[PDB]
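In: Fold the stuff below for me.
(chains A, B, C, D, E and F, ligands or ions: 70)
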Amino acid sequence: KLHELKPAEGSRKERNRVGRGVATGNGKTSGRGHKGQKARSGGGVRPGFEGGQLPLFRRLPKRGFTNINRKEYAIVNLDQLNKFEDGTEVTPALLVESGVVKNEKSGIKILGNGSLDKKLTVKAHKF
Amino acid sequence: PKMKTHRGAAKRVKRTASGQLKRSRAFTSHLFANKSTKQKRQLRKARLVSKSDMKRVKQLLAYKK
Amino acid sequence: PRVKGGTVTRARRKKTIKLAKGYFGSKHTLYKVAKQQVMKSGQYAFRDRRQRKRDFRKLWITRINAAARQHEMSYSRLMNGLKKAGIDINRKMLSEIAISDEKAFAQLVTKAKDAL
Amino acid sequence: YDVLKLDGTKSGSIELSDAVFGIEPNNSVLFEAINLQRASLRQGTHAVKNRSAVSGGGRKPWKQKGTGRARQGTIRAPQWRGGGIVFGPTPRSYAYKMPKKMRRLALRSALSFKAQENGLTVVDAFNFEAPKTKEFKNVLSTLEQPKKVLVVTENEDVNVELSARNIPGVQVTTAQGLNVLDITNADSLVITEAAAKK
RNA sequence: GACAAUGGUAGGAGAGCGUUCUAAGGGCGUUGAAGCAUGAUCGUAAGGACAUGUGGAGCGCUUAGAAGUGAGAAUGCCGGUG
RNA sequence: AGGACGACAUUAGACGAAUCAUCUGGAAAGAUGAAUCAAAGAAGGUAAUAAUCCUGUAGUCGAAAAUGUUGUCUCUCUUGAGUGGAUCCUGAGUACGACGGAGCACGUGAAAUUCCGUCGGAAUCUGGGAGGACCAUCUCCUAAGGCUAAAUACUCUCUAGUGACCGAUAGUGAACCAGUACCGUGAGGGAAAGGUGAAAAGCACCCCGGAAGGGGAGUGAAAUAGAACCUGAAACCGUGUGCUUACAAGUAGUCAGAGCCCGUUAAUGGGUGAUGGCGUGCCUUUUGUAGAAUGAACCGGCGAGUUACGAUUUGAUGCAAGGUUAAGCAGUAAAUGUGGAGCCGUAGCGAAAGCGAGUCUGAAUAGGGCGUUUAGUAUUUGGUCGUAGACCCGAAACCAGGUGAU
Ligand SMILES: [Mg+2]
Ligand SMILES: [Mg+2]
Ligand SMILES: [Mg+2]
Ligand SMILES: [Mg+2]
Ligand SMILES: [Mg+2]
Ligand SMILES: [Mg+2]
Ligand SMILES: [Mg+2]
Ligand SMILES: [Mg+2]
Ligand SMILES: [Mg+2]
Ligand SMILES: [Mg+2]
Ligand SMILES: [Mg+2]
Ligand SMILES: [Mg+2]
Ligand SMILES: [Mg+2]
Ligand SMILES: [Mg+2]
Ligand SMILES: [Mg+2]
Ligand SMILES: [Mg+2]
Ligand SMILES: [Mg+2]
Ligand SMILES: [Mg+2]
Ligand SMILES: [Mg+2]
Ligand SMILES: [Mn+2]
Ligand SMILES: [Mn+2]
Ligand SMILES: [Mn+2]
Ligand SMILES: [Mn+2]
Ligand SMILES: [Mn+2]
Ligand SMILES: [Mn+2]
Ligand SMILES: [Mn+2]
Ligand SMILES: [Mn+2]
Ligand SMILES: [Mn+2]
Ligand SMILES: [Mn+2]
Ligand SMILES: [Mn+2]
Ligand SMILES: [Mn+2]
Ligand SMILES: [Mn+2]
Ligand SMILES: [Mn+2]
Ligand SMILES: [Mn+2]
Ligand SMILES: [Mn+2]
Ligand SMILES: [Mn+2]
Ligand SMILES: [Mn+2]
Ligand SMILES: [Mn+2]
Ligand SMILES: [Mn+2]
Ligand SMILES: [Mn+2]
Ligand SMILES: [Mn+2]
Ligand SMILES: [Mn+2]
Ligand SMILES: [Mn+2]
Ligand SMILES: [Mn+2]
Ligand SMILES: [Mn+2]
Ligand SMILES: [Mn+2]
Ligand SMILES: [Mn+2]
Ligand SMILES: [Mn+2]
Ligand SMILES: [Mn+2]
Ligand SMILES: [Mn+2]
Ligand SMILES: [Mn+2]
Ligand SMILES: [Mn+2]
Ligand SMILES: [Mn+2]
Ligand SMILES: [Mn+2]
Ligand SMILES: [Mn+2]
Ligand SMILES: [Mn+2]
Ligand SMILES: [Mn+2]
Ligand SMILES: [Mn+2]
Ligand SMILES: [Mn+2]
Ligand SMILES: [Mn+2]
Ligand SMILES: [Mn+2]
Ligand SMILES: [Mn+2]
Ligand SMILES: [Mn+2]
Ligand SMILES: [Mn+2]
Ligand SMILES: [Mn+2]
Ligand SMILES: [Mn+2]
Ligand SMILES: [Mn+2]
Ligand SMILES: [Mn+2]
Ligand SMILES: [Mn+2]
Ligand SMILES: [Mn+2]
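Out: Numbering: from 1, shown residues only, chains lettered A, B, ... in the order given. Ligands and ions are numbered 1, 2, ... in the order given. This is the structure:
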């Protein structure tokens, strides 16, 4: 079948060749249909922004992991070779509730609404 | 080359939402006592970049969130 | 890969020039000039194909006017009687009968002369 | 399962292998890898002349007005004879990449077509130099053939018309297995594929 | 099978024709390839064949890939000739 | 800090496998009928397209000398380690400050860190610097002396090769005796121009002519390939002539149409055209152009939306609460194997501390903003934007180096 190939229907379309005959042979008609036609994207001829600015950014920001932890029937944690967190800077455990199993949670900074349920089935807190 | 971010807008945008740019609002600097206390208290609460302008400013904050 | 100009041009242009075949002078020999003439030539024929339909109906009408006139009847009157006669022949037929058969045309005349 | 014909013979010593080797059909991926292969196999050595900065030149051929000729800039501007070439080819990469799992989806769907048509498995044997392989290839087989094995130099069949791709079942490529209309496999070679393919 | 719609500049959308190169398949070719010339040929268009003369090596078809892919106008460039 | 022994390499080269017949033909490699080799079916050449005809290829040997190159002897050069501390020593017109600059991604700024000019100008293991002004504290270091390979950049040149790069207006400016004819005082600018044939067999000889050139005769497959030589389009120039034309006002055609002449890709044919109807080229630009607005003498060739990298969106495909690699190694300038740093997603809200399916404002568990209820991600065709000259051609000008008072 190497001589009768076919691409998946829907991929691939013949690119548009402007300016090659009279099934359209152009672009616009005057003004900035000049080559490298300007207007900055933004620069709409009077401010555009120029209207307030509010700023900072500082340091420490955690990395969330919600109580969708239908892991094993117990065991410790932070072990995320398991398919859960990755690219963590800390590890808070939040809610969206379903503490459907009992285990011992361990990460830094647990959310109060979460930990109320984690400790209401097996007890669990740490740093 | 990577597109540069218009950092002057980014100092006044805040993205978040479901793609909408947040706010910042005008006449909020100085020269009070000519705006109404009604105008004053209301320009305090913030409003998004408009549909028509996000059509124009879409490229500059492409890297915000 | 570079594509050369290649044959495609000449073969295209010769197409046109062969269309300009009966034409005068360099309207039959230069592409640039013969292109314009062949364009117009069909631009005429397109309208002329419609016009000939009316150029011909007018021919029969006058011919009918002629043989109606010979029976002391205007073409105006003949068609009014033929309508009320319920005859539904059409000019090109009506006129051709007037040339090929004097008697047959006279009969339809008298048919249309009553029913008036 | 599939018979294992004796080299040169008929010792149809069956044994099992399939699923990620048979069973699988797919095509839409199978094409897209074939293109990724031949994309990558080309150097883009082409480069056209003047980005008008190429070619000696660049005084203004005559003053603007007063001449009655058209205004001109370089005598190498692209509409001249011997001028620059707007947007010629330039050398470039001509070669993308496709996600890992899909690369594997290719080869299975490649080999599975050979299973759905026909493709032989074999004992092995070896020695030195091969007009003999024609007799070995005439066991039955057909016009275009490849062979696989973890080892190498059993391929002094480089020089056969057609039929002269032979690579380890780890150097296996979507070209052949598509190009070639039959394929012949040492066991263990076919095992080494079955190991990796899963 | 009825029944509807089908003027059109900027401009959007769609489907295609042809050119060169690549791949695989399948071919043609000194019993004459490309090219050139001629014809009253075929297709809705771009365009495709066939026959003959010329010519004396090459070239097509299918499927897909890629493009220096299509000219009538730029007081466009170069050549030739009015 | 310089020189004596023998392995490899560079600079000449050698061996190197296997075909015959026929048909066509000027010639066989083509077709066909039987063969053979192959660690060699890469490539080019040979009277047409050749694995087996030649140069070669895979492969195998080969160096007098000359460098280059190393293993190793010699050759130098060699003194190598720890405990405690009184009192010495660890780079002064320096670090540092002010002033004027300059530099750090960082424009004097809150301006650390680093360098110049100019006046000032310290300390001495109870020392000095640094940690983004500064002090304290803490931690890391130890400036004001020097040298140091590899991984990195480049290609005038050499050898060996590669290309979905050009194929004579292309490709170098230059396939040819190109930086040459040619132009300028000069710096400097800078062309055009390839192809007989397989083989020179390049036309002995007769003929008209002073010759040029030509008709024969000849070589050749072909000179209707004869040198300004393959093919040999078009404009343009001519010879012949079938139909037509000297009372007619014409963007030249179109529609109708007798007459005459011919006979095809054989089809409700071809050429011409008395005469009748209709009828102000094209392009551009325009409210509007037959326009007396613009452009083109004609014919040919050349001649303008590209690519890279980012963005966004659509479509296709793979996986999916996940998706996915970058460099780098491996590989045959692949594919691929590797590599999970990294990026995006699973959570949002707030300027922020921060709290979290909710948060922000707020005194409020009022209200109100953004969010919650569920899908992404990687590659890629297309569209579009951004960065690039960014569709093409076009200034008057500006700056920098030079060249000119013949
Ligand atoms: Mg945020
Ligand atoms: Mg606003
Ligand atoms: Mg200049
Ligand atoms: Mg080999
Ligand atoms: Mg012959
Ligand atoms: Mg012969
Ligand atoms: Mg043969
Ligand atoms: Mg040859
Ligand atoms: Mg100083
Ligand atoms: Mg070389
Ligand atoms: Mg003589
Ligand atoms: Mg020739
Ligand atoms: Mg001619
Ligand atoms: Mg005007
Ligand atoms: Mg005009
Ligand atoms: Mg799903
Ligand atoms: Mg709320
Ligand atoms: Mg709400
Ligand atoms: Mg100057
Ligand atoms: Mn299209
Ligand atoms: Mn224009
Ligand atoms: Mn415009
Ligand atoms: Mn434009
Ligand atoms: Mn420009
Ligand atoms: Mn910024
Ligand atoms: Mn702003
Ligand atoms: Mn204020
Ligand atoms: Mn007011
Ligand atoms: Mn080419
Ligand atoms: Mn052209
Ligand atoms: Mn230049
Ligand atoms: Mn002029
Ligand atoms: Mn050039
Ligand atoms: Mn329409
Ligand atoms: Mn209509
Ligand atoms: Mn349009
Ligand atoms: Mn479009
Ligand atoms: Mn053919
Ligand atoms: Mn060709
Ligand atoms: Mn072009
Ligand atoms: Mn000219
Ligand atoms: Mn030899
Ligand atoms: Mn030999
Ligand atoms: Mn022979
Ligand atoms: Mn060799
Ligand atoms: Mn020191
Ligand atoms: Mn300091
Ligand atoms: Mn200071
Ligand atoms: Mn200062
Ligand atoms: Mn600090
Ligand atoms: Mn190199
Ligand atoms: Mn040529
Ligand atoms: Mn001179
Ligand atoms: Mn020659
Ligand atoms: Mn003579
Ligand atoms: Mn002869
Ligand atoms: Mn000539
Ligand atoms: Mn010639
Ligand atoms: Mn008169
Ligand atoms: Mn007359
Ligand atoms: Mn008049
Ligand atoms: Mn007329
Ligand atoms: Mn008229
Ligand atoms: Mn045009
Ligand atoms: Mn006029
Ligand atoms: Mn004008
Ligand atoms: Mn003019
Ligand atoms: Mn022209
Ligand atoms: Mn836009
Ligand atoms: Mn663009």
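In: how about the residue of chain B at minimum distance from ligand 23, what does it touch?
Out: Distances between chain B and ligand 23 by CB to the ion are smallest at residue B:59, namely 18.0 Å. To be clear about C-beta, it is placed using only N, CA and C from the backbone, and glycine gets the same treatment. The contact partners of residue B:59, by CB atoms under 8 Å, 6 or more residues apart in numbering or on different chains, come to A:41, B:3.
In: Which stretches in chain A count as strands?
Out: Remark: strands assigned in chain A by DSSP state E are A:65-66, A:93-94.
In: if you look at the last one, does any of it touch RNA strand F?
Out: Yes. Where contact is defined by CB under 7 Å from any atom of the strand, part of strand A:93-94 touches RNA strand F, namely residue A:94.
In: Counting by contacts, list what that strand packs against.
Out: strand A:65-66, helix A:112-118 (3 or more CB pairs under 8 Å, 6 or more residues apart in numbering or on different chains; DSSP states H and E).
In: could I get the strands of chain A as a markdown table with distance to residue D:165 and mean neighbour count?
Out: A markdown table is the format used below for these (distance: least, CB to CB, whole Å; neighbours: other CB atoms under 10 Å in any protein chain shown):
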| stretch | distance to residue D:165 | mean neighbour count |
| --- | --- | --- |
| strand A:65-66 | 51 | 18 |
| strand A:93-94 | 56 | 19 |
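In: Assess the claim that residue C:21 and residue C:28 are in contact.
Out: Yes. Applying CB atoms under 8 Å, one finds residue C:21 in contact with residue C:28, separated by 6.5 Å.
In: and those two? which has more neighbours close in?
Out: Using other CB atoms under 10 Å in any protein chain shown as the criterion, residue C:21 and residue C:28 rank with residue C:28 on top: 16 against 9.
In: Contacts only, for the more buried one.
Out: C:17, C:20-22, C:34.
In: Relative to residue C:48, which of those is nearest.
Out: residue C:22 (16.0 Å; CB to CB).
In: interface residues of chain A facing ligand 23?
Out: A:27, A:33 (CB under 5 Å from the ion).
In: Give me the residue at the spatial middle of chain B.
Out: With distances taken as CA atoms, centre = their mean, residue B:23 lies nearest the centre of chain B, 3.6 Å away.
In: likewise chain D?
Out: Centroid-nearest residue in chain D: residue D:175, 4.2 Å away (criterion: CA atoms, centre = their mean).
In: Could you measure from residue A:84 over to RNA strand E?
Out: 41 Å (CB to the nearest atom of the strand, to the nearest Å).
In: If the closest residue to that residue other than its chain neighbours is in a bridge, with which residues?
Out: Distances taken as CB to CB, 6 or more residues apart in numbering or on different chains put residue A:65 closest to residue A:84, at 6.6 Å, once the chain neighbours are dropped. Note on residue A:65: beta-bridge partners by DSSP bridges are residue A:93.
In: Could you tell me the phi and psi values at residue D:103?
Out: With angles defined as degrees, to the nearest 10, residue D:103 sits at phi -60, psi -40.
In: neighbours around it, how many?
Out: By the criterion of other CB under 10 Å, residue D:103 has 14 neighbours.
In: Run a quick neighbour tally on the residue lying closest to residue D:128 once chain neighbours are set aside.
Out: With sequence-adjacent residues excluded and distances taken as CB to CB, 6+ apart, residue D:128 is closest to residue D:156, at 7.3 Å. Applying other CB under 10 Å, we find 15 residues neighbouring residue D:156.
In: would you list every one of the strands in chain D?
Out: D:121-122, D:146-148, D:165-166, D:184-186.
In: Can you say which of the ones you listed is nearest to residue A:34?
Out: Minimum separation from residue A:34 across the strands of chain D (CB to CB) falls at strand D:165-166, 55.1 Å.
In: Which strands or helices does the closest one pack on?
Out: strand D:146-148.
In: Partner strands of the strand it packs on, with direction?
Out: strand D:165-166 (parallel), strand D:184-186 (parallel).
In: roughly how far out does the longest one sit from the chain middle?
Out: Mean-position distance between strand D:184-186 and its chain equals 20 Å (CA atoms, centre = their mean, to the nearest Å).
In: just the shortest one next, same as before
Out: The offset between the C-alpha centroid of strand D:165-166 and the centroid of the whole chain comes to 12 Å, using CA atoms, centre = their mean.
In: Need the residues that contact it.
Out: D:146-148, D:154-155, D:157, D:176, D:179-180.
In: Which single one of those residues is nearest to residue A:37?
Out: residue D:179 (48.3 Å).
In: still on that earlier bit, wait, doesn't the residue nearest to the centre of chain D sit right on residue D:36?
Out: No. Counting by CB under 8 Å, residue D:175 stays clear of residue D:36, with 10.9 Å between them.
In: Would you list the phi and psi of the residue nearest to residue D:128?
Out: Torsion angles, degrees, to the nearest 10, at residue D:156: phi -80, psi 30.
In: can you tell me which residues contact it?
Out: Applying CB under 8 Å, 6+ apart, the residues contacting residue D:156 are D:128-130, D:133.
In: can you check residue D:157 too?
Out: Residues counted as contacts of residue D:157 (CB under 8 Å, 6+ apart) are D:130, D:133, D:147, D:163-164, D:166.
In: Most neighbours among the residues you listed, which one?
Out: Ranked by neighbours (other CB under 10 Å), the contacts of residue D:157 are led by residue D:147, which has 24 neighbours.
In: returning to what we had before: put the buried members of the contacts of strand D:165-166 into a ChimeraX selection.
Out: Of the contacts of strand D:165-166, the buried ones go into a single ChimeraX selection, burial set by 16 or more other CB atoms under 10 Å in any protein chain shown:
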select /D:146,147,148,154,157,176,180
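In: ok, which pair from the contacts of strand D:165-166 is furthest apart?
Out: Across the contacts of strand D:165-166 (CB to CB), the longest gap, 20.6 Å, separates D:154 and D:179.
In: sorry, back to before: go through the contacts of strand D:165-166 and name the one nearest chain A.
Out: residue D:179 (5.0 Å; CB to the nearest CB).
In: for the residue positioned nearest the centre of chain C, helix, strand, or coil?
Out: Centroid check for chain C by CA atoms, centre = their mean gives residue C:52 as the closest residue, at 2.6 Å. Classification of residue C:52 by DSSP: H, G, I helix; E, B strand; the rest coil places it in helix.
In: OK, contacts around the residue of chain C found nearest ligand 22?
Out: Closest residue of chain C to ligand 22, CB to the ion: residue C:39 (29.8 Å). With contacts defined as CB under 8 Å, 6+ apart, residue C:39 is in contact with no residue.
In: any idea how far the one helix or strand it maps to is from the chain center?
Out: Using DSSP states H and E, residue C:39 falls within helix C:31-70. Relative to the centre of its chain, helix C:31-70 is centred 5 Å away, using CA atoms, centre = their mean.
In: For it, buried residues please.
Out: Within helix C:31-70, judged by 16+ other CB under 10 Å, the buried ones are C:31, C:33-35, C:37-38, C:41, C:60-61, C:63-64, C:67-68.
In: Dump the residues you listed to TSV, plus distance to chain A.
Out: Output for these, formatted as TSV (distance: CB to the nearest CB, whole Å):
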residue	distance to chain A
C:31	17
C:33	20
C:34	19
C:35	13
C:37	19
C:38	16
C:41	19
C:60	43
C:61	43
C:63	47
C:64	48
C:67	53
C:68	53
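In: Pretty sure residue A:19 sits against residue A:28.
Out: No. With contact defined as CB under 8 Å, residue A:19 does not count as touching residue A:28 (11.9 Å).
In: picking up where we left off before, which among the strands paired with strand D:146-148 is found nearest to residue D:114?
Out: When the strands paired with strand D:146-148 are compared (using CB to CB), the closest one is strand D:184-186, at 9.7 Å.
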